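Visitor: I'd like to ask some things about the structure below.
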Amino acid sequence: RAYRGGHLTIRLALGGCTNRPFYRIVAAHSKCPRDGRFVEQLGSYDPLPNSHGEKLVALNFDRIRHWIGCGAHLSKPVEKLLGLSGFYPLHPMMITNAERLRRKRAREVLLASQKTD
Amino acid sequence: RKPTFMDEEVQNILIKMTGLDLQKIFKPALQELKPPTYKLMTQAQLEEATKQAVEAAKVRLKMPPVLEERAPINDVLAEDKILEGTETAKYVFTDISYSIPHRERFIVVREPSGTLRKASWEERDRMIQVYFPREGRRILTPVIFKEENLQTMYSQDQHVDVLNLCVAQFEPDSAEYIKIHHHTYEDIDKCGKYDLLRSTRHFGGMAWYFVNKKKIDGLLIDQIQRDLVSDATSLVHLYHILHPXXXXXXXXXXXXXXXXXXXXXXXXXXXXXXXXXXXXXXXXXXXXXXXX
Amino acid sequence: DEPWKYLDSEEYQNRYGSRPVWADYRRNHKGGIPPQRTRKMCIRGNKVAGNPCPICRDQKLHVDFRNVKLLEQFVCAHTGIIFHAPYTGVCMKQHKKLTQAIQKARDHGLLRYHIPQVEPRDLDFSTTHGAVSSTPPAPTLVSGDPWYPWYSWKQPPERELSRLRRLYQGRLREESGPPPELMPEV
Amino acid sequence: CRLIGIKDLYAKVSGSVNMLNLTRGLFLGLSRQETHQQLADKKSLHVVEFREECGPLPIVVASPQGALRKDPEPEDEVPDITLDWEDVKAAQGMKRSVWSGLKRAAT
Amino acid sequence: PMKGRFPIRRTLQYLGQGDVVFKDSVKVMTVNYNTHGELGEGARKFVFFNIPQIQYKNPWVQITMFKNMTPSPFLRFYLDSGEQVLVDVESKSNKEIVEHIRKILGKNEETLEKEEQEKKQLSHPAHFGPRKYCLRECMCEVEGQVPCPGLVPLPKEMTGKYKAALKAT
Amino acid sequence: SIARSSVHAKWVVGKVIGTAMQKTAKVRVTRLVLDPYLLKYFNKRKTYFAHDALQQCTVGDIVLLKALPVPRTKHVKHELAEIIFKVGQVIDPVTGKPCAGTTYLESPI
RNA sequence: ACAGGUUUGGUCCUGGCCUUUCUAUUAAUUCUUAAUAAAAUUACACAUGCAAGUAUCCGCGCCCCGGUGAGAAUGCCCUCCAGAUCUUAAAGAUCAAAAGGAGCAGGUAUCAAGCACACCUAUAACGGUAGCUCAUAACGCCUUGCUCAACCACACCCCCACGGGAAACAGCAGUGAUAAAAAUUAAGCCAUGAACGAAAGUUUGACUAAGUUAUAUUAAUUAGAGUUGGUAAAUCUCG
Ligand SMILES: [Mg+2]
Ligand SMILES: [Mg+2]
Ligand SMILES: [Mg+2]
Ligand SMILES: [Mg+2]
Ligand SMILES: [Mg+2]
Ligand SMILES: [Mg+2]
Ligand SMILES: [Mg+2]
Ligand SMILES: [Mg+2]
Ligand SMILES: [Mg+2]
Ligand SMILES: [Mg+2]
Ligand SMILES: [Mg+2]
Ligand SMILES: [Mg+2]
Ligand SMILES: [Mg+2]
Ligand SMILES: [Mg+2]
Ligand SMILES: [Mg+2]
Ligand SMILES: [Mg+2]
Ligand SMILES: [Mg+2]
Ligand SMILES: [Mg+2]
Ligand SMILES: [Mg+2]
Ligand SMILES: [Mg+2]
Ligand SMILES: [Mg+2]
Ligand SMILES: [Mg+2]
Ligand SMILES: [Mg+2]
Ligand SMILES: [Mg+2]
Ligand SMILES: [Zn+2]
Ligand SMILES: [Zn+2]
């Protein structure tokens, strides 16, 4: 419908049968609903790892960049995605979650050997 | 030299070798039927219709491309060990863009090992099959290609079907394509069933795999028993094109060559069982002197 | 479980003749048009209900992917598509078991179905392309470098850090952040 | 049709359904039949079945015993035929009756 | 249909089958035809068969018809520019008129084929949506993926309430 | 190059129905419409007022209307361009001679 | 529709009514457990608790989601875009108000005439003509969301909210009254989406995961209901 404002935004709509999530990468308006209207579909993402042990992600790189070149905003998980692919530089928060997780794993190694003693 | 399937010599010779059978070419199919259409025609109109048929049949008859094998492609586009500790199962990134040739698509992976690897060939294909679903293809490999199911389908003399199955399911440069096509040729050879694939578009693969396996036996025997001389002729012709320098080739060529001389000199110079050729090449010959 | 046997038996050949199974069977129903799908199951526990299906009224019949002689008569000869239950008269359970059966049958090729002539996937196949052919791996790779300087953790000037503490003074939570490099644990 | 041995047929009946008129009608109609041989003979041309499953293959059914004409026959862009509104309504997807597409027992 | 004297032309099949598409310039088309004369004969047929084909394929082009104004039959065409085309149809065959029109303001076969392909590229195989616009839908469906719980109930492990009751204890 | 009219009417032809206003012509347009039940084409009519400098339109005229770039009134979006057939005097586009019905008034030669 | 029953002493013919198929509420009789979808009488009145915040000020957000179908023959479709916002080395992009019109668009003609519904002057707000709509349905009246990857409309009522009644859950839960119509005064921002943030991040009754219900499919652990003159599967003895 007609809105006051907002920007073109690339994000993850959630189609899912409940406990089995799945996502549709979508070029939309910020001010429309999650699963509602959009401009164009871009890709999909499947979180749940398949028979081969893989998480499938399809992206139309040509169109994705056609819209960023029109100034669409990316949601943070679409940036995690674009990060991994190498279409985009890895996202800073990824690296930080890395460091955090590594530090907690080291602290838990020390907790393990302090409980063993 | 440069012989290959797509050369004009090899092509025109393999089209002539194959043959047009409008009954086996156009055969009842299992699809839901419709009521038949009728029209009254002249002799002329029926002739033109017949040629129309033959023209359209050729397109049905077009040979499936034969190709050499592909090598495994292993290349890493980047490595960050920092990501490795995420310990998440594999991520598969496909490009879907409608303009692109599917060998020009970009298919990538990030493993738990924190590296950016390109997709393997099988992987790459099942990906494109997901996002560009094409009929007949299973995205997970169909059971029937196990040896048991293979033998079962051979027994039933269905070999055209198997070879029609691989064309759709796998890719012409794949490993499995080649394994199944070639193994299937071995079967028609040991069973002497060669006339099966005769009016089929699969004939080209019969001819080639055998000229390059250098066993022309069953096909020559059969051709002479089927009372086809010209085919055995163009076939020896072929073994000479794919083997230009050999005793048999240059000798039985430059000495002299025609039906009798080239088929019998290549029956003496190909020794797999030359006794078979020489037997049948007598029989046909005899069956001429009685008919003429 | 051995399928082929009962179809070649003299008992069977006596009973059914060369007519298919279900030929004589007739499903009784409320009017001129039968309900659009037959009964859910004709067998619950030890009880056989009413006038049973072709398949289940005769217990010696086994639905498998193996016997092609049984599964054949439930597929349309010319059209190569299965019948919906009402055509035949089998119960829903045996009909679902029959569909699933014919499937594994065609997956083992014990049966015929129609296989169409498909062209090759690609038109022009060139293995040459840079996606297929291994690239010139990055100048950044050759060195063993992180792809960018910021993947690497850099311990900051003490000035910036103490001014940072000076900013947040009451709320600061300060615990050392060097990022241990190797992951695995118990 | 089981008594005649006709195994495949579509037949819809309109108007009064009374049994006798129906069987008389049906029998008149199935004796009203023009056979391929007879078509061939009166038109002196070949008659050719085009199957859909068999593609373009121009199967001959009937040949005109006697002289096959050297004359092609007029192809009108516009044939003039009685067309039944029911068939044409069927053709365009306009039969929506819930009774029609029903599953029924075997023949 | 029963009523009408050439009922085949009240079909949908007869409508789709007529081939003339008009260029983007054509706006108005004016058929002036004549009732009485032998030399009118072709023109009439064109109105009676082909006019309803033409129009169908070009629903935005006004097609008007005048009777017995002018003693000789013709077509007029009014293009976007203010270009006035005048097509004399006299002893012409019906078929001849059709093909002549197709020549003058037509569309090259390649043009049409191009356009239909440019519209067919709009529906992309790989997307996921309602059965109307797309093929596949949830990715319940595609083989290697997870079966969606409607068909195939899930592992006790992967249920929310399993995780919840495990994290509570 | 911008001179436009948002109206699909851009060029039409219609009869001239009435003269009742100053320098404005009442012109009836008729397009074919496909009745979906019958699948037949019938004449749907629609009236358009048009503007006239010369006030030259008699009733019954076959007239060519051109869309006007900027609308004059709610009800006037057009300008009479050319008179296609002036009524009762009709000069054959082909031969350029005066005619009535089937008959030329002045023939060739 | 593959049709079937039913007019008469009987036969055709015409011609309604009904059966037979599928879905949805609600009721009665029964009812074991999971899983998944769906959840709804009421633009009647509402106790209480919550449904917007963020953030070095300022700013920005704050019917956006979410709810409803009250209204309006509304509208579908198609032109053309003011404005708002986003990106940016000034032009792209997303929404798209107003304004339009090829065509399509509920019933009713026992609603047949409406009563100024037109144009012309560019003079620069005055004059001049006498028109316009309409049986191809004007102008009425009656009923109504929809053509559905969504769109239209409302937000206590007076179409509109200055002002007036009067103090608003048609947000989430709940509750009176009403109706054949009965889900938790439930836990979390862990995923997504949104708002702010330079950022970690914070909030989110959106949503996520649950909870309740044979409402529908699926699986089994569960056996009951209806029928038995005919159409139409199926009966003996009593009263
Ligand atoms: Mg009576
Ligand atoms: Mg009586
Ligand atoms: Mg009487
Ligand atoms: Mg009645
Ligand atoms: Mg209830
Ligand atoms: Mg809404
Ligand atoms: Mg709604
Ligand atoms: Mg209402
Ligand atoms: Mg109203
Ligand atoms: Mg109305
Ligand atoms: Mg607009
Ligand atoms: Mg009255
Ligand atoms: Mg005045
Ligand atoms: Mg209000
Ligand atoms: Mg106020
Ligand atoms: Mg209220
Ligand atoms: Mg509430
Ligand atoms: Mg409120
Ligand atoms: Mg209550
Ligand atoms: Mg309810
Ligand atoms: Mg809460
Ligand atoms: Mg739930
Ligand atoms: Mg149930
Ligand atoms: Mg019980
Ligand atoms: Zn059964
Ligand atoms: Zn699903």
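A quick note on method: Cβ atoms are made from the backbone with ideal geometry, for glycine too, and the neighbour counts reach across all protein chains shown. The numbers here are math on the coordinates, done by the rules we state, and not lab data.
Visitor: Using a cut-off of under 12 Å, list every residue of the stretch E:42-77 whose amide N is near the label point 7 Å from the Cα of E:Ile104 along the Cα-to-beta-carbon line.
Guide: E:74-77
Visitor: Would you mind computing Rg(Cα) / (2.2 N^0.38 Å) for chain B, counting N as its residues?
Guide: Rg over 2.2 N^0.38 Å, computed on Cα atoms: 1.29.
Visitor: Please give the charge dipole size of chain F, origin at the Cα centre, charges +1 on K and R Cβ atoms and -1 on D and E Cβ atoms. Round to the nearest 20 debye.
Guide: So the magnitude is around 600 debye.
Visitor: For a Förster distance of 56 Å, can you work out the FRET efficiency between the beta-carbons of B:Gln31 and F:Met21, rounded to the nearest 0.05?
Guide: Result of the calculation: an efficiency of 0.25.
Visitor: Tell me the angle of helix C:92-107 to the major Cα principal axis of chain C, expressed in degrees between 0 and 90 and rounded to the nearest ten.
Guide: Helix C:92-107 sits at roughly 70 degrees to that axis.
Visitor: Something else: Only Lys, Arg, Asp and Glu count, each charged at its Cβ (+1, +1, -1, -1), so figure out the dipole size of the protein assembly as shown about its Cα centre, rounded to 20 debye.
Guide: Approximately 5580 debye in magnitude.
Visitor: Can I ask one more? Taking the Cβ of F:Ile17 as the center, what net charge do the other residues with Cβ under 13 Å away carry, scoring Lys and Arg +1 and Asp and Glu -1?
Guide: So the surrounding residues net to +4.
Visitor: Once amide H atoms are built 1.01 Å from N in the peptide plane, which residues 5 or more positions from D:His46, or in another chain, come under 5 Å H to H?
Guide: Long-range HN contacts for D:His46: B:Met41.
Visitor: Sticking to Cα atoms, compute the Rg of chain A to one decimal and its Dmax as the biggest Cα-Cα distance, whole number, in Å.
Guide: 18.6, 67
Visitor: What does the stretch B:109-227 give for Rg and for Dmax, in Å, if only its C-alpha atoms count?
Guide: When restricted to Cα atoms, the stretch B:109-227 yields Rg and Dmax of 17.7, 66 Å.
Visitor: Still on this structure, please answer the following. Rounded to the nearest 10 degrees, what's the angle between the helix C:158-167 long axis and the longest principal axis of chain C, both from Cα atoms, 0 to 90?
Guide: For C:158-167 against chain C, the angle is about 70 degrees.
Visitor: Run the numbers for E:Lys119 and E:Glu143: contour at 0.36 nm per residue of separation, minus the present Cα-Cα distance, in nm.
Guide: 5.7 nm
Visitor: log10 I(q)/I(0), Debye, Cα-only the protein assembly as shown, no solvent, q = 0.05, 0.08, 0.09, 0.10 Å⁻¹?
Guide: -0.55, -1.24, -1.37, -1.42
Visitor: Along the Cα-to-C-beta direction of C:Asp64, a point sits 7 Å from the Cα; which residues of the stretch C:90-126 have their amide N less than 13 Å from that point?
Guide: The answer is C:105.
Visitor: Additional query: How far apart, in nanometres, would the label points at D:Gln38 and C:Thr140 be if each is projected 7 angstrom from Cα along the Cα-to-Cβ direction?
Guide: 8.6 nm
Visitor: What's the angle, to the nearest 10 degrees (0 to 90), between helix B:121-131's Cα axis and the longest principal axis of chain B?
Guide: For B:121-131 against chain B, the angle is about 80 degrees.
Visitor: While we're here: May I ask you to list the residues of the stretch C:1-15 whose amide nitrogen lies under 20 Å from a point 7 Å from Cα along the Cα→beta-carbon direction of B:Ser155?
Guide: Of the residues in the stretch C:1-15, C:1-9 have backbone N under 20 Å from the label point off B:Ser155.
Visitor: For the residues E:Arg76, F:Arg28, A:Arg11, what sequence is obtained by ranking on other C-beta atoms within 10 Å, fewest first?
Guide: Neighbour counts put them in this order, fewest first: F:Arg28, E:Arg76, A:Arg11.
Visitor: So, one more: Output wanted: per-residue J couplings in Hz (rounded whole) for the stretch D:12-18, from phi through Karplus 6.51 cos²θ - 1.76 cosθ + 1.60, θ = phi - 60°, x for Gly and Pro.
Guide: Using θ = phi - 60°, the values come out as 10, 10, 10, x, 6, 9, 3 Hz.
Visitor: How large is the helix-only mean residue ellipticity at 222 nm for the protein assembly as shown, computed as the sum of -39500 (n - 2.57) over DSSP H runs with n ≥ 4, divided by its residue count, in deg cm²/dmol to the nearest 500?
Guide: Helix contribution divided over all residues of the protein assembly as shown: -9500 deg cm²/dmol.
Visitor: Report the local net charge at A:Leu8: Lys and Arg +1, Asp and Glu -1, summed over other residues whose C-beta lies under 11 Å from its C-beta.
Guide: It works out to a net charge of +1.
Visitor: For labels at C:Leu182 and F:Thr103 in the simple 7 Å Cα→Cβ model, what's the distance in nm?
Guide: 11.6 nm
Visitor: Tell me which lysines have Cα within less than 29 Å of E:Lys161's Cα, excluding those fewer than 8 residues away on the same chain?
Guide: A:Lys55, A:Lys76, A:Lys80, A:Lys104, B:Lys90
Visitor: Now for a separate question. Rounded to the nearest 0.05, what FRET efficiency do A:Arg65 and B:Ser120 give with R0 = 25 Å and r taken as the Cβ-Cβ distance? Could you check?
Guide: The pair A:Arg65/B:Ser120 has a calculated efficiency of 0.40.
Visitor: What is the order of A:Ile10, D:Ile59, fewest Cβ neighbours within 10 Å to most?
Guide: Listed from fewest to most nearby Cβ atoms, that is D:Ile59, A:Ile10.
Visitor: I've got another one for you. Using the crude model of +1 on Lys and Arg Cβ and -1 on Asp and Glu Cβ, and no other charge, please compute the dipole size for chain C relative to its Cα centre, in debye to 20.
Guide: Dipole magnitude for chain C comes out near 1560 debye.
Visitor: Would you mind getting me the FRET efficiency between E:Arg44 and F:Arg28? Use the beta-carbon distance for r and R0 = 22 Å, nearest 0.05.
Guide: 0.35
Visitor: Modelling each spin label as a point 7 Å along the Cα-to-Cβ direction, I'd like the C:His84/B:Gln11 distance in nm, to one decimal.
Guide: 5.0 nm
Visitor: Of B:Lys39/E:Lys45; E:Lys57/F:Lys46; D:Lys12/E:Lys95; B:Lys146/D:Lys103, which pairs sit farther than 29 Å apart, going by alpha carbon to alpha carbon?
Guide: Where the Cα-Cα span goes over 29 Å, the pairs concerned are D:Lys12/E:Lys95; B:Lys146/D:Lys103.
Visitor: Further question on the same structure: Tell me the net charge near B:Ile241. Cut-off is 10 Å between Cβ atoms, B:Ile241 excluded, with +1 for each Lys or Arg and -1 for each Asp or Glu.
Guide: So the surrounding residues net to -1.
Visitor: So which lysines can C:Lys47 reach, going by Cα to Cα under 18 Å and dropping same-chain residues fewer than 8 places off?
Guide: Counting by Cα, and skipping residues close in sequence, C:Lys47 has these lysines nearby: C:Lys60, C:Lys93.
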